[PDB]
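For reference, the structure discussed in these notes is given below.
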Amino acid sequence: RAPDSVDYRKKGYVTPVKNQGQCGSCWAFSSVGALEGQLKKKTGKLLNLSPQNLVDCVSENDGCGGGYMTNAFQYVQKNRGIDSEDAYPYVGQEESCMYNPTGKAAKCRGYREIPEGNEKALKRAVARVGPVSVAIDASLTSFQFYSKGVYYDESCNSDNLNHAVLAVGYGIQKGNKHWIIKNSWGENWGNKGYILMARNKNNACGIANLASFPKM
Ligand SMILES: *C(#N)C1=NC2=C(N=[C]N2[C]2[C][C][C][C]2)C([N]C2=[C][C]=[C][C]=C2O[C][C][C]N2[C][C]N([C])[C][C]2)=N1
């Protein structure tokens, strides 16, 4: 049975919150966060991986203009690795795809998608695999200015996916079930960079519509 609560921050599987800056590279940050968890699970080391490597190199995505996490996991697998943040730092604008003869920090062997709209399957994946990359509708002012509590807004549109984040756990606060979400808008956004989003409230904000995790 998947546990009632899981918080990967408490287990040391989650790196510090980053800021994507003036670039719409959320998909890159969501992707490396998931790879960071699997690297930790597999090797015992927690390390910042490189979202810039993905922005500059995943030709199938649109750089600072948006992209898909699956395309990023596919690139890491075909390219035989992703560099660390230290070897390929984030600059927040698209540039040429650079090759670092010794930058390789993690590999990926593929990915799996969570069945569309199934929060129970998402819960199980988080519990057994670790942090999972998810997409949501982040267009509401109530989301943008979130500060605390379990977020739920009836206006959220589960078919309007416009932002990529990372699910690092789930739980319940004052009787309300939630997902623990790591964002990439810096530590000053939300609650130290995180937001608790309603869980089992009918796929609120489309949280379970485009979820995936990398195989390592
Ligand atoms: C993040 N950050 C992020 N930024 C986005 C996204 N769509 C547009 N933007 C920017 C807003 C200012 C201009 C660019 C997304 N979208 C997103 C989130 C999660 C999963 C998928 C996804 O969209 C992937 C396709 C994006 N696509 C690019 C090409 N245009 C023509 C249509 C939209 N995230």
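No value in this document is a laboratory result; all are computed from the given coordinates. Here Cβ is always computed from backbone atoms with ideal geometry, including for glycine, and neighbour counts include all displayed protein chains.
Between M69, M197, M98, find the one with the highest GNM mean-square fluctuation for the chain; connect C-alpha pairs within less than 10 Å.
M98
Sum -39500 (n - 2.57) across every DSSP H segment of at least 4 residues in the chain, then divide by the residue count to get the 222 nm mean residue ellipticity, nearest 500.
-6500 deg cm²/dmol
Name the longest site-free stretch of the chain, where the excluded sites are trypsin sites (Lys or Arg not before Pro) in a DSSP loop with no more than 12 other beta-carbon atoms within 10 Å.
Maximal segment without exposed cleavage sites: 110-147.
Using a cut-off of 14 Å between beta-carbons, work out the net charge of the residues near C64 (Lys and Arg +1, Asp and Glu -1, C64 not included).
-4
Quick one: net charge of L210's neighbours, Cβ under 15 Å, K/R +1, D/E -1?
Residues near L210 contribute -4 overall.
Could you tell me what fraction of 2.2 N^0.38 Å the Cα radius of gyration of the chain comes to, as a two-decimal ratio?
0.95
Nearest-5 percent of antiparallel DSSP beta bridges in the chain?
If we restrict to bridges inside the chain, about 90 percent are antiparallel.
How about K107: which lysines have a C-alpha closer than 21 Å to its C-alpha, ignoring those fewer than 8 places off in the same chain?
Qualifying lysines at Cα under 21 Å: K40, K41, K42, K45, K78, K215.
Among the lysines, select those whose C-alpha is under 25 Å from the C-alpha of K177, and discard any that sit fewer than 8 residues away in the same chain.
Straight-distance partners of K177: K10, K11, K120, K123, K148, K192, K201.
How far is helix 69-78 tilted, in degrees, relative to the longest principal axis of the Cα atoms in the chain, given as a value from 0 to 90 rounded to the nearest 10?
30 degrees
Check the chain for me: any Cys whose beta-carbon has no other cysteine beta-carbon within less than 4.7 Å?
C26, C108
Per 5 Å bin, what is the whole-percent P(r) computed from every C-alpha pair distance within the stretch 133-179?
Reading upward from the zero bin: 5, 18, 25, 31, 19, 2.
I'd like to know which of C26, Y170, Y152 lies farthest towards the positive end of the charge dipole of the chain, counting +1 on Cβ of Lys and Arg and -1 on Cβ of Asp and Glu.
It is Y170, whose Cα lies furthest towards the positive end.
If you place +1 on the Cβ of every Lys and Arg and -1 on the Cβ of every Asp and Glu, how big does the dipole about the Cα centre of the chain come out, in debye to the nearest 20?
1360 debye
Expected output is a single nm value to one decimal: the length gained when fully extending between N191 and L46, i.e. 0.36 nm times separation in residues minus the C-alpha distance. What is it?
Taking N191 through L46 to full extension adds about 50.0 nm, to one decimal.
Round to the nearest 10 and give me the degree value, 0 to 90, for the angle of helix 119-128's Cα axis relative to the longest principal axis of the chain.
50 degrees
If a paramagnetic tag sat 7 Å from the Cα of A121 along the Cα-Cβ line, which residues of the stretch 20-40 would have the backbone N under 17 Å from that point?
none
In degrees, nearest 10, range 0 to 90: what is the angle between the Cα axis of helix 26-43 and the longest Cα principal axis of the chain?
Tilt of helix 26-43: around 80 degrees.
Against the empirical 2.2 N^0.38 Å scaling, what ratio does the C-alpha Rg of the stretch 10-80 come to?
In units of the 2.2 N^0.38 Å rule of thumb, it is 1.09.
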